[PDB]
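Structure at a glance
Each chain, letter by letter, is given below.
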2 protein chains.
Amino acid sequence: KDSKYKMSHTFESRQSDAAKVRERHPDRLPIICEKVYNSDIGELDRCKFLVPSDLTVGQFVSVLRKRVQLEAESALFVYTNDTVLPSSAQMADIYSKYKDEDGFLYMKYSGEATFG
Amino acid sequence: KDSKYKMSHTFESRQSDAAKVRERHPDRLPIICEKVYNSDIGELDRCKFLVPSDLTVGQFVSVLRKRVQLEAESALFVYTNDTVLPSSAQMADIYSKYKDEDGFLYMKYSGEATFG
Ligand SMILES: [Ca+2]
Ligand SMILES: [Ca+2]
Ligand SMILES: [Ca+2]
Ligand SMILES: [Ca+2]
């Protein structure tokens, strides 16, 4: 399923937002983080992350985990372009390859639970 | 709740029309825009629109409003796949996802008045 954030904000406002992020906070990467449609995990009110460009996928996940409040016993996965991410990857490599035209990196997250 | 335009125009004349418009006008999306069945709003002679690719839904709705002659206080809604489009959606995104087999995006519109 498509991004609920993309849908509810105009491209021009999204593009200007992402560019104002990387100008005011040049050390950061503008990230949109939304729940995988399928999963039993809670949606974030504030799905925009200004992520230190020195983070690995694994570190951003730890940061994301603090917000979703998922039981630490449960795994948390993240996705760009419909493919799960290895925690070893550098957020800043994921950003440059997979960034949207508006300048945001759109990510999905899921725990281990799914509906069907 | 089906398309009058589709009934009165041939499939391969439609497909050929959409690609002709697309080649003559590269930055414009081919839209068929028809009234919701039960709405009190006027059809629309005149239902093909060559929409600038960068228009939001709300900018397209401003264009349609002038043509349909709906009072300012009165709301105007557009639909595709049978669901209301948000004003912040991009016509390019809606086109990409929802375009017909024949290459037109088929939309419907209504004001707030309906027949019981
Ligand atoms: Ca939150
Ligand atoms: Ca053009
Ligand atoms: Ca007309
Ligand atoms: Ca656009």
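The rules behind these values
Residues numbered from 1 in each chain as written, not as in the entry; some residues may be left out. Chains lettered and ligands numbered in written order. Heavy atoms only, no water. Residues with missing side-chain atoms left out of burial classes, pairs and counts. UniProt positions renumbered as here; feature names shortened; annotations may be inferred. Buried < 20%, exposed > 50% of the residue type's maximum accessible area, 1.4 Å probe, protein only. Helix = DSSP H or I, 4+ residues; strand = E, 2+ residues; numbered from the N terminus. Arc of directions from axis to C-beta. Contact = heavy atoms within 4.5 Å. Buried area = accessible area lost by both parts, 1.4 Å probe. Salt bridge = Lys/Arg side-chain N within 4 Å of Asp/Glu carboxyl O. Polar contact = N/O pair within 3.5 Å; in protein donor to acceptor, adjacent residues only side chain to side chain. Nonpolar A, V, L, I, M, F, W, Y, C, P; charged D, E, K, R; others polar. Pairing = 2+ DSSP bridges.

Looking at the entry header, you'll see X-ray crystallography listed as the method and 2.30 Å as the resolution.

Named according to the PDB entry, chain A is Microtubule-associated protein 1A/1B, light chain 3, putative originating from Trypanosoma brucei. Regarding chain A, the relevant UniProt record gives this comment under Sequence similarities (unreviewed entry): "Belongs to the ATG8 family." What the UniProt record of chain A gives under Subcellular location (unreviewed entry) is the line "Membrane".

All names here are of chain A. All buried positions along helix α4 (residues 91-98) are accounted for by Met91, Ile94 and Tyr95. Around the axis of α4, the buried residues are gathered within 105 degrees of arc, so they sit on the same side. For α4, exposure combined with an orientation more than 90 degrees from the buried face picks out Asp93, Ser96 and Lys97. Where α4 is buried, its residues meet α2 (11-24), β1 (28-35), β2 (48-52), α3 (57-68), β3 (77-80) and β5 (105-110).

So, about the interface of chain A and chain B. Contacts between the two partners involve 9 residues from chain A and, on the opposite side, 8 residues from chain B. Carbon and sulfur atoms supply 54% of the area buried between chain A and chain B, which totals about 550 Å² over both sides. If you sort the residues of chain A by the area they bury against chain B, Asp2, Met7 and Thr10 of chain A come out on top, with a joint share of 64%. Put simply, chain A and chain B have 1 salt bridge between them. Residue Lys97 of chain B is joined to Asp2 of chain A by a salt bridge in which the shortest nitrogen-to-oxygen separation is 2.9 Å. Viewed at the interface, chain B and chain A are joined by 4 residue pairs in polar contact. Of all elements in the fold, only α1 (4-8) and α2 of chain A reach the threshold of two or more residues within the side of chain A that touches chain B. Per-element tally for the side of chain A that touches chain B: the top contributor is α1 of chain A, with 3 residues. Of the residues that constitute the side of chain A that touches chain B, the class distribution is 2 nonpolar, 3 polar and 4 charged.

What follows covers the side chain of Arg14 of chain A. Note on placement: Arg14 of chain A falls in helix α2. For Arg14 of chain A, a relative accessible area of 3% translates into the label buried. A polar contact of 3.5 Å, which involves the side chain of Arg14 of chain A, links it to the backbone oxygen of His9 of chain A. Sequence-distant contacts of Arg14 of chain A, that is, excluding residues within four places in its chain, are made with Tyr5, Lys6, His9, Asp100, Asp102, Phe104 and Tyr106 of chain A together with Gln90 of chain B.

Here we take up the sheet that holds strand β4 (residues 83-84) of chain A. Residues and elements named next belong to chain A. Here 5 strands make up an open sheet; going across it, the order is β2-β1-β5-β3-β4 and the pairing mixed. Strands at the two margins of the open sheet, each flanked by one partner only, are β2 and β4. Examined bridge by bridge, β1 and β5 share 5 bridges and lie parallel to one another. Bridge pairing in β5 links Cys33 to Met107.

On to unusual backbone geometry. Look at the link from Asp45 of chain B to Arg46 of chain B: it is a cis peptide, with omega at 0 degrees. Mapped onto the secondary structure, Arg46 of chain B falls in the loop between β1 (28-35) and β2 (48-52). Positive phi, normally seen in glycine, also occurs at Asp82 of chain A, with a value near 60 degrees. Positioned with a positive phi, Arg46 of chain B is a non-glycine residue whose angle comes to about 100 degrees. A relative accessible area of 60% places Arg46 of chain B in the exposed class.

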